[PDB]
Amino acid sequence: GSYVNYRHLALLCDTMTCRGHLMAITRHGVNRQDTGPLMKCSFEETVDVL
Amino acid sequence: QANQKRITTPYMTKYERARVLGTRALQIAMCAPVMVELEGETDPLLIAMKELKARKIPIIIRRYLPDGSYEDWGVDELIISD
Amino acid sequence: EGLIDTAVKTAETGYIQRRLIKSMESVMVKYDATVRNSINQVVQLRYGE
DNA sequence: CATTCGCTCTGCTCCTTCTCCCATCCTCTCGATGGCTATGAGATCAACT
RNA sequence: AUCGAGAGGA
DNA sequence: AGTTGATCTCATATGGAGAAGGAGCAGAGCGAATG
């Protein structure tokens with residue numbers, strides 16, 4: 001019975017789908033974007049990314 | 001970008017209000033001239049808020065667009081929502 | 001069982017919270033009112049819709 | 001000349017391998033780490049004249 | 001002072 | 001232009017999830033050689 005405003009769910013689902021494929025909220029998704037290496041290293045795989 | 005068609009919202013954002021008030025207060029604390037009459041108020045941030053409500057703050061906001069252009073808006077051109 | 005669930009659930013939920021933030025932290029409403037990421041790709045043409 | 005045969009080249013499973021990750025902040029105590037003696041030659045250049 | 005361990009708080 | 005002395009420095013003795021590589025292997029189809 002909890003409620004969350006639609007725009008938050010919408011923005012998560014758009015983030016997961018804007019690249020044309022299912023992008024996981026995991027290193028295998030987030031760290032395979034075109035984001036720069038310093039952004040990636042702040043998440044996971046820090047040394048291998050660099 | 002041409003100034004005759006600015007497309008950003010005419011309202012001042014909450015973030016613009018916050019930073020304008022902070023910057024102007026720091027200017028007043030560094031003895032910048034004050035553009036309003038003071039009822040003896042001495043706090044730089046209270047003075048900045050008086051100047052904001054008077055539309056007298058001498059600051060331009062440069063709104064950058066995603067394409068790398070910008071619009072310059074005066075603080076007196078914007079609608080103040082608070 | 002309630003004491004166990006209270007102690008064990010927290011790592012998984014906090015890891016989910018971290019991963020969500022790291023996935024979305026730079027997504028912002030721009031001055032053109034589109035919603036874009038750091039690579040400046042359009043996520044939403046208007047926030048919400 | 002219509003096979004037919006043999007040979008090369010994908011690409012589809014099913015392992016083995018391996019690499020990654022595992023809430024936030026704060027307090028305290030306790031154990032451990034914890035590195036010769038000495039006499040010679042001999043090169044340096046700081047520094048006296 | 002560091003490293004490690006253990007016991008606690010929300 | 002010639003002479004001294006510290007000092008350094010050698011050397012002596014006694015869970016799990018996804019991803020990536022490889023092998024197995026089936027079988028398509030190409031081209032040579034029939035028969």
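Hydrogens, waters and symmetry mates play no part in the numbers below; they use all other heavy atoms, side chains included. Reminder, nothing fancy here: chain letters follow the sequence lines and each chain counts from 1.
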Which side the sugar of F:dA6 sits on, once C1'-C2'-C3'-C4' is checked for sign: south
Syn/anti state of F:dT4 by chi, 90° boundary around 0: anti
F:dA13: syn or anti, per glycosidic angle within 90° of 0: syn
Torsion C1'-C2'-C3'-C4' of F:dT4, interpreted as north if positive, south if negative: south
Main-chain N/O of B:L65 paired with B:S69 side-chain donor or acceptor, under 3.5 Å: no
F:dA11 and D:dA38, which share atom name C1', separated by this distance in whole Å: 12 Å
Span that lies between the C1' atom of D:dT39 and that of F:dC8, in whole angstrom: 16 Å
Short side-chain to backbone donor-acceptor contact, B:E71 and B:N3, under 3.5 Å: no
Counterpart base for D:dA43, defined by Watson-Crick or G-U wobble contacts under 3.5 Å: F:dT7
Gap in Å between the two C1' atoms, one belonging to D:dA41 and one to F:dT12, rounded: 12 Å
Residue matched to F:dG18 through Watson-Crick or wobble contacts both under 3.5 angstrom: D:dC18
Value in whole Å for how far the P atom of F:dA20 lies from CZ of A:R32: 8 Å
For atom CG of A:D48 and atom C1' of D:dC21, their distance in whole Å: 14 Å
Rounded interatomic separation in angstrom, taking CD from C:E12 and P from F:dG16: 12 Å
Candidates D:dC21, F:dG18, D:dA23 - which lies nearest the side chain of A:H28: F:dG18
Sugar conformation, D:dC14 - torsion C1'-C2'-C3'-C4' sign: south
Cation-aromatic face contact B:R63/C:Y31, 6.0 Å, 45 degrees: no
Salt-bridge criterion met for B:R6 and B:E77 (N-O under 4.0 Å): yes
Modelled atom types, side-chain donor and acceptor of C:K22 and A:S42, under 3.5 Å: yes
Assigned partner base of D:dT37, Watson-Crick or wobble definition, under 3.5 Å: none
Side-chain donor/acceptor of A:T46 to backbone N/O of A:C41, under 3.5 Å: yes
C:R19 CZ - F:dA17 P separation (whole Å): 13 Å
Sugar-phosphate, base or nothing in reach of C:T10, heavy atoms under 4.0 Å: base
Base paired to E:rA7 (Watson-Crick or G-U; both N/O distances under 3.5 angstrom): D:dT27
Sugar-phosphate, base or nothing in reach of C:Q17, heavy atoms under 4.0 Å: nothing
Nucleotide D:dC20, atom P - distance to CZ of C:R18 in whole Å: 16 Å
Side-chain donor/acceptor of C:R36 to backbone N/O of C:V42, under 3.5 Å: no
Touch class at under 4.0 angstrom, heavy-atom based, for A:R27 against every strand present: base
Furanose pucker, D:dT29, classified by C1'-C2'-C3'-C4': south
Separation of atom CD in A:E45 from atom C1' in D:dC21, rounded to whole Å: 10 Å
Atom-to-atom span, OH of C:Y15 to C1' of D:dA23 - whole angstrom: 12 Å
Euclidean distance, atom CD of residue A:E44 to atom P of F:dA17 [Å, nearest integer]: 16 Å
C1'-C2'-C3'-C4' based pucker assignment for D:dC45: south
Mate of F:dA28 where both pairing distances stay under 3.5 Å, Watson-Crick or G-U: D:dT8
Pairwise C1' distance, D:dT37 and F:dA13 [rounded to whole Å]: 11 Å
Counter-base of F:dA13, judged by Watson-Crick or G-U geometry with both distances under 3.5 Å: none
